[PDB]
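Residue numbers (the entry's author numbering), protein chains in the order written: chain Z, 353 to 471; chain L, 6 to 60; chain W, 248 to 501; chain Y, 376 to 499; chain A, 118 to 174.
All C-beta atoms in this analysis are idealised placements derived from N, C-alpha and C, irrespective of residue type, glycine included.
Structure first, commentary second.
Here it is in structure tokens:
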């Protein structure tokens, strides 16, 4: 269903940018591990930084976690998933720290969690 | 046993991947360092011949 | 019967595989159509009839329990075989022990990578839940980094740190034979490990750091243990750090 | 047959050389020409989903690729060249289509360059 | 001995032979100003007369 005639034009361009970003991260971790991490080129450093955020922000806070960990969780309509990833890929929010992105349902929630940390 | 050889294959495949990636990055630094040296080689030729004749 | 009265129970079966083999030989002599290997097709039902009597009855039924610990001996590190896949599908967790770990000094040898507990997290005491949850993350992260990057001599600083923390983690988890450690002094050693008080101490000396520390913890710190005993709760972090720092004054490094 | 043998050697040589290709500066143009040709070759051989191509234009695009007229054309816009070419060649190039349908043979080579050049200019 | 490199320094230390000067972890593109400090020190040793002959390996 990931074809523009079924899902949508923007959805196709967004999903393929996300998968290309994570595939380029998957082949860069061992160089990061065993050469100096400063040796990665500044363009690949950009792909690293955003791949960290993308990998965390695919996590989500869940109603079923109420038994195991107790937190509330929530539900996200499609438009807000696809727009939030457009926000991730644009990069103006790259200043917010990676820890915030775990177990959230909106980019506004990510701003709130950092706000508790004070960022 | 069968499940003994598979682990050896998997571990060697991972080491093979690490060595191939380090071959790529060393190739890039080799080509640059040779160009950089050739950049300073005319400086060495120029300086050697003036410093000798002046000396 | 004891569970119906309401007292907790534990059953251990020392080898289920020998039970399965007795069924095979009994069925083959009876001329029953065989299956994979030659095990009769009933085997999964026979073990499920055994393993689903274990329960935790409700307060209306008395609050009892019947935990069970079956054991299976695998042939040469075999997996995907008929008895192990049957039992691995039935049980709510599995511990996998490795022979090549045992002969490398880790005892009792337990692979964190392939062992899982679906019930896990809920059963632990709240103090343990905080420290044991982070310990799982630490050891998983170093399991992968060591699996490939240990062969090369020198790595990135941040990885040399994570390799040091993993090596100390496995050495601090080595234990002796028939000497159970009470939970109160487990949480205090795991807390000392995760919060990084063991960086100064060398990897060889750790089994002595534990030995000299648990004696110190019975010579000083009894109130900490008492709060943990009934509350199930981690003591105030100021006083816990004060206790560990005093012991690190006493202990002598090789 | 004329353009197929050259294309076969082009893909065979590029597929191994692509395993080494990512550096950009390696040797002089002799290595790169195999980079440039292989890149345009792989661009031209992709196809849109479920829309089948006609034979005499198929031959004429493979000739355009394998004779080197595309070599100046920038790599980024290589596909768009095919879409514009198929309609233009019908409008302005019909004599070449009749020639292939007549002869089973490549268009008369004398006017073949000129006719292709008019499309190459029409593409922007 | 004057050694540029960690594995060289490690071998020389086990052997125990003295290392008058040392530098390590140079950038993979070395620039003149970096190695001007050690170059000016080693030639400073020869020029001031503390060495009578000098070699490179």
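### Query
Beta-carbon separation of residue 388 of chain Z and residue 401 of chain W under 8 Å?
Not a contact, by the Cβ cut-off of 8 Å.
### Task
Alpha carbon to alpha carbon, how far is residue 138 of chain A from residue 126 of chain A? Give it in angstroms, no decimals.
One Cα belongs to residue 126 of chain A, the other to residue 138 of chain A, and the distance between them is close to 10 Å.
### Expected contact under 8 Å - CB spacing of residue 378 of chain W and residue 434 of chain W to nearest Å
The C-beta distance from residue 378 of chain W to residue 434 of chain W rounds to 6 Å, short enough to fall under 8 Å.
### Query
Is the distance from the Cβ of residue 419 of chain Y to the Cβ of residue 457 of chain Y below 8 Å?
Yes, these two residues count as a Cβ contact at 8 Å.
#### Entry: Residues bridged to residue 364 of chain W (per DSSP)
In DSSP, residue 364 of chain W forms a bridge with W:340.
### Query
What does residue 323 of chain W touch in chain L if you count any residue whose Cβ is under 8 Å from its own?
In chain order, 6, 8, 9 make up the part of chain L whose C-beta sits under 8 Å from the C-beta of residue 323 of chain W.
### Message
Between W:500, W:369, W:260, W:464, which has its C-alpha nearest residue 450 of chain W's C-alpha?
### Response
Nearest of W:500, W:369, W:260, W:464 to residue 450 of chain W, Cα basis: W:500.
### Task
Measure the CB-CB distance between residue 389 of chain Y and residue 409 of chain Y and report whether it falls below 8 Å.
One thing to note: residue 389 of chain Y has its Cβ within 8 Å of the Cβ of residue 409 of chain Y.
### Task
Identify the contact partners of residue 326 of chain W in chain L, using a Cβ-Cβ distance below 7 Å as the criterion.
Within 7 Å of the CB of residue 326 of chain W, the CB atoms of chain L belong to 8, in sequence order along the chain.
### Message
Strictly below 7 Å CB to CB, what residues from chain L border residue 387 of chain Z?
### Response
Ordered by position in chain L, the residues that pass the 7 Å Cβ test against residue 387 of chain Z are 30.
### Query
In chain order, what residues of the same chain lie with their CB nearer than 8 Å to the CB of residue 330 of chain W, ignoring the 5 residues before and after it?
So the qualifying residues of the chain are 263, 264, 267, 286, 290, 319.
### Query
Should residue 398 of chain W be flagged as near chain L, meaning a C-beta pair shorter than 8 Å?
Residue 398 of chain W counts as touching chain L.
### Message
Pop quiz: residue 438 of chain Z and residue 359 of chain Z are said to be a contact at Cβ under 8 Å. What is the actual Cβ separation, rounded to whole angstroms?
### Response
Taking 8 Å as the upper bound for CB-CB distance, residue 438 of chain Z and residue 359 of chain Z are not in contact here, some 15 Å apart.
### Query
Which residues of chain A have a Cβ atom closer than 8 Å to the Cβ of residue 34 of chain L, listed in chain order?
Chain A residues near residue 34 of chain L: 145.
### Query
Name the chain W residues that come within less than 9 Å of residue 420 of chain Z, Cβ to Cβ?
Under a criterion of Cβ atoms nearer than 9 Å, the residues of chain W adjacent to residue 420 of chain Z are, in order, 368, 369.
### Message
For residue 129 of chain A, which residues in the same chain have their Cβ closer than 7 Å to its Cβ, ignoring the five residues on either side in sequence?
### Response
Here the set comprises 118, 120, 136.
### Task
From the DSSP output, in three-state form, read off residue 392 of chain Y for me.
If DSSP states are grouped into helix, strand and coil, residue 392 of chain Y belongs with the helices.
### Message
Within a Cβ cutoff of 8 Å, which residues of the same chain sit near residue 443 of chain W, ignoring the five residues on either side of it in sequence?
### Response
So the qualifying residues of the chain are 412.
### Query
Looking at the unbroken alpha helix (DSSP H) that takes in residue 174 of chain A, where does it start and where does it end?
Per DSSP, residue 174 of chain A belongs to no alpha helix (DSSP H) and is neither H nor E.
### CB of residue 257 of chain W within 8 Å of CB of residue 321 of chain W, strictly
Taking 8 Å as the Cβ cut-off, residue 257 of chain W and residue 321 of chain W do not qualify as a contacting pair.
### Query
Considering only residues of the stretch 397-448 of chain W, which uninterrupted beta strand (DSSP E) runs meet the minimum length of 3 residues and lie entirely inside it, listed in chain order?
The qualifying runs do not exist here; there are none.
### Task
Put residue 387 of chain Z into one of helix, strand or coil per three-state DSSP.
Under the three-state reduction of DSSP output, residue 387 of chain Z falls in the coil class, being neither helix nor strand.
### residue 373 of chain Z in three-state terms, based on DSSP
Here DSSP, grouped into helix, strand and coil, assigns residue 373 of chain Z to helix.
### Query
Tell me, which residues are paired with residue 315 of chain W by DSSP?
Residue 315 of chain W is bridged by DSSP to W:258.
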